[PDB]
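Q: Following this message is one structure expressed as structure tokens.
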Amino acid sequence: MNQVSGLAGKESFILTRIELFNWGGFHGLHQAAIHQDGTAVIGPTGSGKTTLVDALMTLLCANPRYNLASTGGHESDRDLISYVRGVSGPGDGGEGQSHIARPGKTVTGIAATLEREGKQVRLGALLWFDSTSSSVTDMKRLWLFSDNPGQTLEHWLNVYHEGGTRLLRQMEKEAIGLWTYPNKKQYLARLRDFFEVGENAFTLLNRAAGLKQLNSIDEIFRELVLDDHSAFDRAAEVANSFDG
Amino acid sequence: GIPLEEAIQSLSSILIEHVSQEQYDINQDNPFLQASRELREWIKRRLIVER
Amino acid sequence: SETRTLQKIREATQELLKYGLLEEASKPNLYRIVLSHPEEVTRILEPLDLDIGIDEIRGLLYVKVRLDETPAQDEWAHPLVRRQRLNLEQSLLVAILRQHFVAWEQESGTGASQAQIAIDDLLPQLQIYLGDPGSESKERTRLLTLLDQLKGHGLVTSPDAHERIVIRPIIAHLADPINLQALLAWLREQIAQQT
Amino acid sequence: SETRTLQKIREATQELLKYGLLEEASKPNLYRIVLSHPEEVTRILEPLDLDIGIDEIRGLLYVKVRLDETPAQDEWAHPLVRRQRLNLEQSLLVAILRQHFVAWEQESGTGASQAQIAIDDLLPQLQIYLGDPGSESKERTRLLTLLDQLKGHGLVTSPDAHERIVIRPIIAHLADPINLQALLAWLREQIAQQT
Amino acid sequence: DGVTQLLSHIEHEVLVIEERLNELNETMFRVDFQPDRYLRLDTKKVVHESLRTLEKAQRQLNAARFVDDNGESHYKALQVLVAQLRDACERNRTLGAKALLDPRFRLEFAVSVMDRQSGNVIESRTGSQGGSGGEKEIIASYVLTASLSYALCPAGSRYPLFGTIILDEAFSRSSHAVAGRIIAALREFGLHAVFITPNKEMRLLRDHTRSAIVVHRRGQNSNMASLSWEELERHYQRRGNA
Amino acid sequence: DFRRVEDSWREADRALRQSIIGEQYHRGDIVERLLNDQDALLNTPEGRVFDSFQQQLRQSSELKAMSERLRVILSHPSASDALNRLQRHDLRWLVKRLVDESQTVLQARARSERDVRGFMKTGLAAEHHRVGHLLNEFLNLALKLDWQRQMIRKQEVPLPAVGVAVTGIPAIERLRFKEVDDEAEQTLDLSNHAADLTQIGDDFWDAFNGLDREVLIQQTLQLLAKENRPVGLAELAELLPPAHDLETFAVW
Ligand SMILES: Nc1ncnc2c1ncn2[C@@H]1O[C@H](COP(=O)(O)OP(=O)(O)O)[C@@H](O)[C@H]1O
């Protein structure tokens, strides 16, 4: 039983930390440690367990499906904007128009650490608003990849608070083992390169968090694995060309 | 002289417009990068000159 | 009230020490102050065992270790010298980058150009020496790590949105003919000892 | 034919810049040399906007930013000295250690030796304000990590075989201890309000 | 440049799916579903009427491409094909339309539990839903774990490089005795696991995990504490005395 | 041939640079070409034809006469039947674009000549040649090493230290400590309330502890081993006090 427990973290990178800052209902800086022999996230329904999974998936995927466990089958209610702003759609009772926890200028950071035989790899994301706007184009994003133990989400937040994106870029220039991407496509490409797995792997990892609404093998295959790759849009273009 | 960024943007838009075709091997993952790469392929091929 | 080094000179020296190198293309003002009073800057840096190396052609000043006669050599052992001596793979990448830099400098105009190269260009040249690790992702990761180390040495910049790096002019003074001759002699000795 | 600065003075200055301090206990030779020629070292550091603060009572030398007039510039900036603001927990630990060091100096006279403290003696103090992390092991881990961070800044040393750490003399000079006292008072007031 | 290319692309996607399933069968071969049984997959093909009508229309188009009438018969055949395509597109979720224009809908799916030494099929669920809430859950969890292990494994390697996976309230229809088998299988595939459990199943995961992140809300402020099961037990003991 | 002329000038500049670099007596064929104020890039093929073309174009009178005649012809009704809108517009403005292209090509030539003159100064051709030769030798020699051994790849080389940065002096005054504010209050609250499970729900604790049938399995097995007799459910309950009532019984 315990002999097998040592296999994890030897030939693979295992998650061993999550750090959040102004993410969902996690106001301030929160840190959670994850054991190398499997970990359980437990708590009364309506805390921040789905919030944590969504932070991790945001760090991992390109268009993560938020709250997939309960909203599977239909479109998700939550989005990145509502996590950054800390909206409280569900819990009401004194709801002041969705009770946006952080309506003004704000910064939210998320960070996940992975380890293998003492080698560390940290994924991070800083998402901030400079005004009261809530448009997707008004949120400034900076993704971070690191293999240096000294590059922690706390350090990134300190640098941001001190000197905005200018000092963030300057720190990246003089930092050893840090890579900052302003556009998530390049950051996901770097993740793909490091972990030698295509986008389908992380998309499937995302879909795995919504396995509750399962059915016969056919639905599990056509809805969980072997992602869509459908051709319902190409058919429309073909039809329009044939109309011409 | 067309600025490099504008040419890359135009090539990326054209590349996305024809992602379906199998001949072109256009990758939807990050068309912009591919466009840039393509342009560079023709800069060291001497079709165009960068300065 | 007392002898105070001119605030222009102090500011220029502090910037030079902070950044190691001072380029006219980025900070022409401080570069010009340093050039105007090279003796003053040399006197300021003397107690630190540091000296200023100038390249007026490239418009580039830099700080190098000042060895009096024979300080046991080991210039990398200077207390104020951070970083570590370049290793063989870093030296090979530096040679490749210097070859690219010389190629760019040959066909160079009269204004600032900031020699650039795509990361994908270095992949086959490196693969020739380090071998094929098995897939494109592995070699890309290896190249990115090497480039990060070199940037830590100040010879390059991190890849930009187009997957292109800039080879800094400091390389022309790291891999210059004298240093390249020394490295070639050392490599020949290593090869002879190996066999 | 030149005017090279004395080898020992250059070594002392480079050591001081590299470590930012000079303890008679650790480097008696360099400390004595700097004491013998304070004018030379202050002149050397003048161009860099730096100075040495003597402290013969504790046998400690340190680098202090000798800036310009800088009228009431509470946000003074130095190119070579990067300012850091410590955490809430780190600041609390620093304040606790500073007050303990002051108490040790009072009880042993100014300029005492090896103001030590015990990890078990610090755990309850941290638990009073920061609260209970949820276990003895977690408390010890938190305290050890904070002590490691402080040692990185050069304020304490690693625990010995007796689980004791020595507060280094550099705690005596911390720019603005008034902020530390205010933070401690605020924390104690908050705790009293809670109870 | 269209229609024919679209159909060829759909067929190629079907082929890719089939090969992916075939090479995931080998990754599932290395782990025993039951104690010495092991599980395999079978693709098979859909026999919908829409696909056969499409085949008829494609044959007509191929025949018409050889007619010499200035592309009139060819145009008519292409018109029939495009009419079929538009019919499918407008009703984008009828089973026929999905089978026509969805690569992962032209072929069925089936699992088969076999014997490690005896290669004979011992239980082949050829679709054949016929299963309890716990049985379907077991099969789905096992197949999803196998797929995750295969996907996260770098090409030419049997050990995933990104070894961490996240499950969210995975097990709800299965008994506590069969969920442990799922956890054992997940560990066997080399995947480190982070489970998200409701207030239930806190005893089920206590036998397969060494630590828990307790997430508790204190109003609008969620907090998290990472504690070993023993420290959680000590917290409970404090509660019982408070 | 407007682009061909620029291509020829670029090739001529490259050839001149290569000749300067590869020549062993730089001093002669540098001053012989620098003191001169001629083209220094006289591409004998097309490029001299462009000079005559410029001479003809710069001639006045004929240019405006041809432009006026072109517009007169464009005005003719049959022109619309002959050409189309784009071709008509291009033909009408032919002279303007011709002069614009001539100016662009002349600017390119002047720029290239200035660039080659600047390269001829700074006397870096010899250094470029020596550096290229040394780099070629080093890269050819490096093929004899074993690059699959970390011992070889991590060998330290004798390259010098250039660009030594003296930054990050400790300067104990550099440290500042957290000041009381809302952020400090929030941090203190988070530190205190993390691992504070008192307010957590009661049902959470109730579900935390439950019948671990694993231990009960072995306990029951040991009880039967001790008795080694046929035991009923009531007797088992008496001997083993169930703490969960039917939860145990189902297991039994
Ligand atoms: N992005 C968000 N949008 C809406 N509500 C949120 C968000 N983040 C946190 N919350 C609030 O915090 C709680 C989230 O509960 P959580 O434990 O994440 O869900 P679950 O019980 O499904 O795992 C709810 O009370 C919800 O109102």
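If you're wondering about the labels, chains in the structure tokens are A, B, ... by order shown, residues count from 1 in each chain, ligands from 1 in order shown.
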For the interface of chain B with chain C (cut-off 10 Å, counting only C-alpha atoms), please tabulate each contacting residue of chain B alongside its nearest pair of atoms and their separation in Å to one decimal, rows sorted by chain and increasing number, as JSON lines.

A:
```
{"residue": "B:5", "atom": "CA", "partner": "C:162", "partner_atom": "CA", "distance": 9.8}
{"residue": "B:8", "atom": "CA", "partner": "C:162", "partner_atom": "CA", "distance": 9.9}
{"residue": "B:32", "atom": "CA", "partner": "C:162", "partner_atom": "CA", "distance": 8.6}
{"residue": "B:33", "atom": "CA", "partner": "C:162", "partner_atom": "CA", "distance": 6.3}
{"residue": "B:34", "atom": "CA", "partner": "C:162", "partner_atom": "CA", "distance": 9.4}
{"residue": "B:35", "atom": "CA", "partner": "C:162", "partner_atom": "CA", "distance": 9.9}
{"residue": "B:36", "atom": "CA", "partner": "C:162", "partner_atom": "CA", "distance": 6.9}
{"residue": "B:37", "atom": "CA", "partner": "C:162", "partner_atom": "CA", "distance": 8.2}
{"residue": "B:40", "atom": "CA", "partner": "C:118", "partner_atom": "CA", "distance": 8.7}
{"residue": "B:51", "atom": "CA", "partner": "C:113", "partner_atom": "CA", "distance": 8.3}
```

Q: Could you write out that same residue set with C-alpha atoms as a short mmCIF file (atom, residue, chain, number, x, y, z; two decimals), in the first residue's frame?

A:
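Listing of out_1.cif after writing:
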```
data_model
loop_
_atom_site.label_atom_id
_atom_site.label_comp_id
_atom_site.auth_asym_id
_atom_site.auth_seq_id
_atom_site.Cartn_x
_atom_site.Cartn_y
_atom_site.Cartn_z
CA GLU B 5 3.44 43.72 -37.94
CA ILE B 8 1.85 39.53 -40.23
CA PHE B 32 -0.68 34.67 -35.91
CA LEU B 33 2.55 32.86 -35.05
CA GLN B 34 2.25 30.69 -38.15
CA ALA B 35 1.70 33.78 -40.27
CA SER B 36 4.84 35.38 -38.86
CA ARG B 37 6.76 32.16 -39.40
CA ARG B 40 10.10 34.76 -42.23
CA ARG B 51 14.89 46.22 -43.14
#
```

Q: Near range 3-6 of chain E, counting only C-alpha atoms, which residues have an atom at most 10 Å away, once you skip same-chain residues fewer than 2 positions from it, shown as an NGL selection string?

A: (:A and (231 or 234-235 or 237-239 or 241-242)) or (:B and (20-22)) or (:E and (1 or 8-12 or 58 or 61 or 78 or 81-82 or 85 or 101))

Q: Would you mind exporting C-alpha atoms of the selected residues as a PDB file, in the first residue's frame?

A:
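Dumped everything to out-v1.pdb:
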```pdb
ATOM      1  CA  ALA A 231     -18.045  19.912 -38.879  1.00  0.00           C
ATOM      2  CA  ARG A 234     -17.878  24.029 -42.327  1.00  0.00           C
ATOM      3  CA  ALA A 235     -21.127  22.677 -43.767  1.00  0.00           C
ATOM      4  CA  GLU A 237     -19.784  27.678 -45.550  1.00  0.00           C
ATOM      5  CA  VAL A 238     -19.996  24.876 -48.110  1.00  0.00           C
ATOM      6  CA  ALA A 239     -23.726  25.534 -48.473  1.00  0.00           C
ATOM      7  CA  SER A 241     -20.506  28.638 -51.574  1.00  0.00           C
ATOM      8  CA  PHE A 242     -22.909  26.322 -53.369  1.00  0.00           C
TER       9      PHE A 242
ATOM     10  CA  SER B  20     -10.550  24.108 -43.286  1.00  0.00           C
ATOM     11  CA  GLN B  21      -8.470  23.260 -46.363  1.00  0.00           C
ATOM     12  CA  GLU B  22      -6.271  20.214 -45.803  1.00  0.00           C
TER      13      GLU B  22
ATOM     14  CA  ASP E   1     -12.480  22.461 -52.688  1.00  0.00           C
ATOM     15  CA  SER E   8     -13.138  13.223 -46.575  1.00  0.00           C
ATOM     16  CA  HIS E   9     -12.209  15.242 -43.485  1.00  0.00           C
ATOM     17  CA  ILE E  10     -15.077  13.681 -41.535  1.00  0.00           C
ATOM     18  CA  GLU E  11     -13.945  10.211 -42.605  1.00  0.00           C
ATOM     19  CA  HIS E  12     -10.352  10.999 -41.624  1.00  0.00           C
ATOM     20  CA  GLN E  58     -21.799  10.329 -53.149  1.00  0.00           C
ATOM     21  CA  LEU E  61     -21.847  12.307 -57.696  1.00  0.00           C
ATOM     22  CA  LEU E  78     -23.566  18.299 -55.987  1.00  0.00           C
ATOM     23  CA  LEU E  81     -25.373  16.485 -51.676  1.00  0.00           C
ATOM     24  CA  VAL E  82     -25.472  20.108 -50.515  1.00  0.00           C
ATOM     25  CA  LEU E  85     -25.788  18.899 -45.888  1.00  0.00           C
ATOM     26  CA  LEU E 101     -21.641  15.777 -39.663  1.00  0.00           C
TER      27      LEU E 101
END
```

Q: When distances are computed from only C-alpha atoms and all ligand atoms, which of E:45, E:217, E:59, E:235 shows the smallest separation from ligand 1?

A: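 Once distances to ligand 1 are computed over only C-alpha atoms and all ligand atoms, the minimum belongs to E:217.
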
Q: Would you list the contacts of residue 56 in chain D as a ChimeraX atom specification, taking every protein, DNA or RNA residue within 10 Å and counting only C-alpha atoms, but skipping same-chain residues closer than 5 positions in sequence?

A: /D:24,35,61,111

Q: Taking only C-alpha atoms into account, what are the residues of chain A at most 12 Å from chain D, put as a PyMOL selection string?

A: chain A and resi 29+31+33+150+154-155+157-159+161-162

Q: What is the Cα root-mean-square deviation, to one decimal place in Å, for chain C superposed on chain D with all Cα atoms matched in order?

A: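 Between chain D and chain C, the C-alpha RMSD is 4.0 Å.
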
Q: May I have the residues within 8 Å of ligand 1, computed using only C-alpha atoms and all ligand atoms, as a tab-separated table (two decimals) with N, CA, C and O atoms, in the first residue's frame?

A:
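The resulting result03.tsv:
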```
chain	number	residue	atom	x	y	z
A	23	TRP	N	-9.54	35.77	-5.61
A	23	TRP	CA	-10.15	34.87	-6.59
A	23	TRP	C	-11.45	34.32	-6.01
A	23	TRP	O	-11.44	33.69	-4.95
A	24	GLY	N	-12.56	34.56	-6.71
A	24	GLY	CA	-13.88	34.08	-6.23
A	24	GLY	C	-14.20	34.62	-4.85
A	24	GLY	O	-14.28	35.85	-4.71
A	25	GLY	N	-14.39	33.73	-3.87
A	25	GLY	CA	-14.68	34.15	-2.49
A	25	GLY	C	-13.42	34.19	-1.64
A	25	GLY	O	-13.54	34.44	-0.43
A	26	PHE	N	-12.26	33.95	-2.25
A	26	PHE	CA	-11.00	33.91	-1.51
A	26	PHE	C	-10.37	35.30	-1.54
A	26	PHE	O	-9.44	35.59	-2.29
A	43	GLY	N	-15.55	20.13	2.61
A	43	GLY	CA	-16.15	21.27	3.23
A	43	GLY	C	-17.63	21.37	2.93
A	43	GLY	O	-18.14	20.75	1.99
A	44	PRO	N	-18.35	22.16	3.72
A	44	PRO	CA	-19.79	22.31	3.49
A	44	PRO	C	-20.06	22.89	2.11
A	44	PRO	O	-19.31	23.72	1.60
A	45	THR	N	-21.16	22.43	1.49
A	45	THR	CA	-21.50	22.89	0.12
A	45	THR	C	-21.74	24.40	0.12
A	45	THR	O	-22.63	24.86	0.87
A	46	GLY	N	-20.98	25.15	-0.68
A	46	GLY	CA	-21.16	26.62	-0.76
A	46	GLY	C	-19.99	27.37	-0.14
A	46	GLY	O	-20.22	28.48	0.38
A	47	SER	N	-18.79	26.79	-0.19
A	47	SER	CA	-17.58	27.48	0.34
A	47	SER	C	-16.71	27.98	-0.81
A	47	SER	O	-17.01	29.06	-1.34
A	48	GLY	N	-15.68	27.22	-1.19
A	48	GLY	CA	-14.80	27.60	-2.31
A	48	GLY	C	-14.13	26.39	-2.93
A	48	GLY	O	-13.00	26.54	-3.45
A	49	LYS	N	-14.79	25.23	-2.87
A	49	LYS	CA	-14.21	23.98	-3.43
A	49	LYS	C	-14.27	24.02	-4.96
A	49	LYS	O	-13.26	23.68	-5.60
A	50	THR	N	-15.42	24.43	-5.52
A	50	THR	CA	-15.53	24.57	-7.00
A	50	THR	C	-14.68	25.77	-7.44
A	50	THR	O	-14.14	25.72	-8.56
A	51	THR	N	-14.56	26.79	-6.59
A	51	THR	CA	-13.74	27.98	-6.90
A	51	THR	C	-12.28	27.54	-7.10
A	51	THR	O	-11.64	28.05	-8.04
A	52	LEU	N	-11.80	26.62	-6.27
A	52	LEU	CA	-10.42	26.15	-6.35
A	52	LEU	C	-10.18	25.35	-7.63
A	52	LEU	O	-9.19	25.56	-8.33
A	67	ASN	N	-17.40	25.53	-13.28
A	67	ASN	CA	-18.54	24.88	-12.56
A	67	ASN	C	-19.11	23.74	-13.40
A	67	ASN	O	-20.34	23.53	-13.34
A	69	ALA	N	-19.09	20.65	-12.93
A	69	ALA	CA	-19.67	19.55	-12.16
A	69	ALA	C	-21.18	19.68	-12.01
A	69	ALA	O	-21.90	18.69	-12.14
A	70	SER	N	-21.67	20.89	-11.74
A	70	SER	CA	-23.09	21.11	-11.52
A	70	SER	C	-23.83	21.67	-12.72
A	70	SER	O	-25.03	21.45	-12.85
A	77	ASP	N	-22.73	29.13	-15.82
A	77	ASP	CA	-23.13	30.45	-15.34
A	77	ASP	C	-21.91	31.34	-15.10
A	77	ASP	O	-21.94	32.54	-15.39
A	78	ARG	N	-20.89	30.76	-14.46
A	78	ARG	CA	-19.71	31.57	-14.04
A	78	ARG	C	-18.75	31.82	-15.20
A	78	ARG	O	-18.82	31.07	-16.20
A	79	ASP	N	-17.89	32.82	-15.05
A	79	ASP	CA	-16.88	33.13	-16.09
A	79	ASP	C	-15.65	33.69	-15.37
A	79	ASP	O	-15.69	33.80	-14.13
A	80	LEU	N	-14.60	34.03	-16.12
A	80	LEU	CA	-13.40	34.59	-15.52
A	80	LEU	C	-13.67	35.95	-14.88
A	80	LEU	O	-13.14	36.27	-13.82
A	81	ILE	N	-14.50	36.76	-15.53
A	81	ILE	CA	-14.79	38.10	-15.02
A	81	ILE	C	-15.44	38.01	-13.65
A	81	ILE	O	-15.10	38.77	-12.74
A	82	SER	N	-16.40	37.09	-13.51
A	82	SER	CA	-17.15	36.95	-12.24
A	82	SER	C	-16.25	36.39	-11.14
A	82	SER	O	-16.56	36.61	-9.95
A	83	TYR	N	-15.18	35.68	-11.51
A	83	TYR	CA	-14.23	35.15	-10.50
A	83	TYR	C	-13.29	36.28	-10.07
A	83	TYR	O	-13.01	36.40	-8.86
A	84	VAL	N	-12.84	37.10	-11.02
A	84	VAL	CA	-11.98	38.23	-10.69
A	84	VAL	C	-12.72	39.24	-9.83
A	84	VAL	O	-12.18	39.75	-8.85
A	85	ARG	N	-13.97	39.54	-10.19
A	85	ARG	CA	-14.77	40.50	-9.44
A	85	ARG	C	-15.34	39.93	-8.16
A	85	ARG	O	-15.77	40.69	-7.29
A	86	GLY	N	-15.36	38.61	-8.02
A	86	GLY	CA	-15.94	37.99	-6.84
A	86	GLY	C	-17.44	38.17	-6.72
A	86	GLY	O	-17.94	38.41	-5.61
A	87	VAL	N	-18.15	38.05	-7.84
A	87	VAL	CA	-19.64	38.15	-7.80
A	87	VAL	C	-20.17	37.01	-6.91
A	87	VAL	O	-19.50	35.97	-6.83
A	88	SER	N	-21.32	37.22	-6.27
A	88	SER	CA	-21.93	36.18	-5.40
A	88	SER	C	-23.33	35.86	-5.91
A	88	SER	O	-24.28	35.92	-5.10
A	89	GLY	N	-23.46	35.54	-7.20
A	89	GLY	CA	-24.77	35.22	-7.80
A	89	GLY	C	-25.58	34.27	-6.93
A	89	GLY	O	-26.70	34.65	-6.53
A	90	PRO	N	-25.09	33.04	-6.66
A	90	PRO	CA	-25.83	32.05	-5.86
A	90	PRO	C	-26.28	32.58	-4.48
A	90	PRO	O	-27.46	32.83	-4.32
A	91	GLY	N	-25.35	32.72	-3.54
A	91	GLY	CA	-25.72	33.13	-2.16
A	91	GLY	C	-26.29	34.53	-2.10
A	91	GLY	O	-25.53	35.49	-2.35
A	92	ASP	N	-27.58	34.67	-1.75
A	92	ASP	CA	-28.18	35.98	-1.59
A	92	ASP	C	-28.76	36.07	-0.18
A	92	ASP	O	-28.46	35.26	0.70
E	196	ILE	N	-12.58	16.13	-5.04
E	196	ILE	CA	-13.45	17.09	-4.39
E	196	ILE	C	-14.69	16.35	-3.92
E	196	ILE	O	-15.47	15.85	-4.75
E	198	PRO	N	-18.21	15.93	-1.44
E	198	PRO	CA	-19.22	16.61	-0.62
E	198	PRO	C	-19.06	16.22	0.84
E	198	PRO	O	-18.12	15.50	1.18
E	215	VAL	N	-12.28	23.53	3.17
E	215	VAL	CA	-12.74	24.82	2.66
E	215	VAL	C	-14.02	25.18	3.41
E	215	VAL	O	-15.02	24.47	3.31
E	217	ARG	N	-16.66	28.52	4.56
E	217	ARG	CA	-17.06	29.93	4.33
E	217	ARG	C	-17.48	30.57	5.66
E	217	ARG	O	-18.22	29.92	6.42
E	220	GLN	N	-19.03	35.90	3.47
E	220	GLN	CA	-18.62	36.03	2.08
E	220	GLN	C	-17.14	35.74	1.90
E	220	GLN	O	-16.59	36.02	0.82
E	222	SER	N	-14.40	32.82	1.93
E	222	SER	CA	-13.98	31.43	1.98
E	222	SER	C	-12.56	31.34	2.52
E	222	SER	O	-11.73	32.21	2.24
```

Q: For range 38-40 of chain F, list every protein, DNA or RNA residue within 9 Å, evaluated using only C-alpha atoms, and leave out those in the same chain fewer than 6 positions away; present the list as an MDAnalysis selection string.

A: chainID F and resid 13 16 110 113 116:117

Q: Using DSSP on the backbone coordinates, identify all residues within range 8-224 of chain F classified as alpha helix (DSSP H); present the result as a PyMOL selection string.

A: chain F and resi 8-22+28-34+49-58+62-75+77-82+85-92+94-120+125-141+150-153+182-193+202-208+213-224

Q: At a cut-off of 12 Å, which residues of chain C touch chain E? Count only C-alpha atoms and give the answer as an MDAnalysis selection string.

A: chainID C and resid 134:138

Q: So the first atom is CA of residue 106 in chain F and the second is CA of residue 114 in chain C; what is the distance between them in Å, to one decimal place?

A: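 CA of residue 114 in chain C lies at a distance of 25.8 Å from CA of residue 106 in chain F.
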
Q: With distances taken over only C-alpha atoms, which residue among C:54, C:95, C:146, C:72 lies nearest chain F?

A: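 The answer is C:95, which sits nearest to chain F.
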
Q: Skipping near chain neighbours, those fewer than 4 positions away, what residues fall within 12 Å of residue 193 in chain A using only C-alpha atoms, listed as a list in words?

A: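 Those residues are residues 145, 186, 187, 188, 189, 197, 198 and 199 of chain A; 135, 136, 137, 138, 139, 140, 141, 142, 143 and 144 of chain C; 154, 161 and 162 of chain E.
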
Q: Go ahead and compute the interatomic distance for CA of residue 127 in chain A and CA of residue 176 in chain A, in Å to one decimal.

A: 22.7 Å

Q: Using only C-alpha atoms, find the residues of chain F whose closest atom to chain D is at most 6 Å away, then write them as a PyMOL selection string.

A: chain F and resi 167-171+173-178+191-192+195

Q: To one decimal place in Å, what is the distance between CA of residue 93 in chain E and CA of residue 173 in chain E?

A: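 About the pair CA of residue 93 in chain E and CA of residue 173 in chain E: they are 28.5 Å apart.
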
Q: Leaving out residue 145 in chain F and any residue of its chain fewer than 2 positions from it, which residues lie within 10 Å of it when counting only C-alpha atoms, given as JSON, numbers by chain?

A: {"C": [88, 129, 187, 190, 191, 194], "F": [141, 142, 143, 147, 148, 149, 152, 153]}

Q: Can I get the selection written as a short mmCIF file (atom, residue, chain, number, x, y, z; two decimals), in the first residue's frame, with C-alpha atoms?

A:
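selection.cif, freshly written:
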```
data_model
loop_
_atom_site.label_atom_id
_atom_site.label_comp_id
_atom_site.auth_asym_id
_atom_site.auth_seq_id
_atom_site.Cartn_x
_atom_site.Cartn_y
_atom_site.Cartn_z
CA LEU C 88 30.38 24.03 -22.52
CA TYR C 129 25.81 19.00 -31.43
CA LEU C 187 39.11 23.27 -26.40
CA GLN C 190 40.58 19.32 -23.85
CA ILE C 191 40.25 17.26 -27.03
CA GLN C 194 40.32 13.25 -23.91
CA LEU F 141 36.28 21.36 -33.38
CA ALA F 142 33.32 21.08 -31.00
CA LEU F 143 32.03 18.11 -33.00
CA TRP F 147 27.65 16.17 -25.75
CA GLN F 148 25.59 13.34 -24.23
CA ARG F 149 27.52 13.54 -20.93
CA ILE F 152 31.14 17.48 -20.56
CA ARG F 153 28.18 19.84 -20.98
#
```

Q: Give me, as a PyMOL selection string, the contact residues of chain E against chain A at a cut-off of 7 Å, counting only C-alpha atoms.

A: chain E and resi 2-3+17+82+85-86+89+101-104+108-110+127+129+136+140+148+151-152+154+159-170+190+192-199+205+209-217+220-226

Q: Could you check the closest approach to chain D for each of C:38, C:53, C:71, C:59 and tell me which residue wins, using only C-alpha atoms?

A: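 Closest candidate: C:71.
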
Q: Counting only C-alpha atoms, which residues of chain F come no farther than 9 Å from chain E, as a short mmCIF file (atom, residue, chain, number, x, y, z; two decimals) with N, CA and C atoms, in the first residue's frame?

A:
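So the final result, stored in result.cif, reads:
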```
data_model
loop_
_atom_site.label_atom_id
_atom_site.label_comp_id
_atom_site.auth_asym_id
_atom_site.auth_seq_id
_atom_site.Cartn_x
_atom_site.Cartn_y
_atom_site.Cartn_z
N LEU F 190 -7.38 36.54 7.85
CA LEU F 190 -7.16 35.30 7.12
C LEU F 190 -6.26 34.36 7.91
N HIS F 193 -8.41 32.99 11.00
CA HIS F 193 -9.58 32.16 10.72
C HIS F 193 -9.25 30.92 9.90
N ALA F 194 -8.08 30.86 9.27
CA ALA F 194 -7.68 29.64 8.59
C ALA F 194 -7.35 28.58 9.63
N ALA F 195 -7.91 27.38 9.47
CA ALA F 195 -7.79 26.32 10.46
C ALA F 195 -8.60 26.64 11.72
N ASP F 196 -9.65 27.43 11.57
CA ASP F 196 -10.60 27.71 12.65
C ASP F 196 -11.93 27.09 12.26
N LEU F 197 -12.09 25.82 12.63
CA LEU F 197 -13.22 25.02 12.19
C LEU F 197 -14.39 25.05 13.18
N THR F 198 -14.30 25.86 14.23
CA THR F 198 -15.36 25.87 15.24
C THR F 198 -16.70 26.24 14.63
N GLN F 199 -16.73 27.27 13.79
CA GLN F 199 -17.98 27.71 13.18
C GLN F 199 -18.45 26.78 12.08
N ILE F 200 -17.63 25.81 11.66
CA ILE F 200 -18.04 24.94 10.57
C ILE F 200 -19.30 24.18 10.96
N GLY F 201 -20.00 23.67 9.95
CA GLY F 201 -21.28 23.03 10.19
C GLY F 201 -21.15 21.78 11.03
N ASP F 203 -23.15 19.04 10.58
CA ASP F 203 -23.27 17.89 9.70
C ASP F 203 -21.94 17.54 9.06
N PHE F 204 -21.07 18.52 8.85
CA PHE F 204 -19.73 18.22 8.35
C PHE F 204 -19.00 17.29 9.30
N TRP F 205 -18.99 17.63 10.59
CA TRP F 205 -18.35 16.76 11.58
C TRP F 205 -19.03 15.41 11.66
N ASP F 206 -20.36 15.39 11.61
CA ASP F 206 -21.08 14.12 11.70
C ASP F 206 -20.71 13.20 10.54
N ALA F 207 -20.63 13.74 9.33
CA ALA F 207 -20.21 12.94 8.18
C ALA F 207 -18.73 12.60 8.24
N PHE F 208 -17.92 13.41 8.93
CA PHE F 208 -16.50 13.11 9.05
C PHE F 208 -16.28 11.75 9.69
N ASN F 209 -16.96 11.48 10.79
CA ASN F 209 -16.86 10.19 11.46
C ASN F 209 -18.02 9.30 11.06
N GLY F 210 -17.68 8.11 10.57
CA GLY F 210 -18.69 7.15 10.14
C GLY F 210 -18.14 5.75 10.29
N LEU F 211 -19.00 4.78 10.03
CA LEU F 211 -18.62 3.38 10.20
C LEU F 211 -17.59 3.01 9.15
N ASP F 212 -16.33 2.93 9.57
CA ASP F 212 -15.26 2.44 8.71
C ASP F 212 -15.37 0.92 8.65
#
```
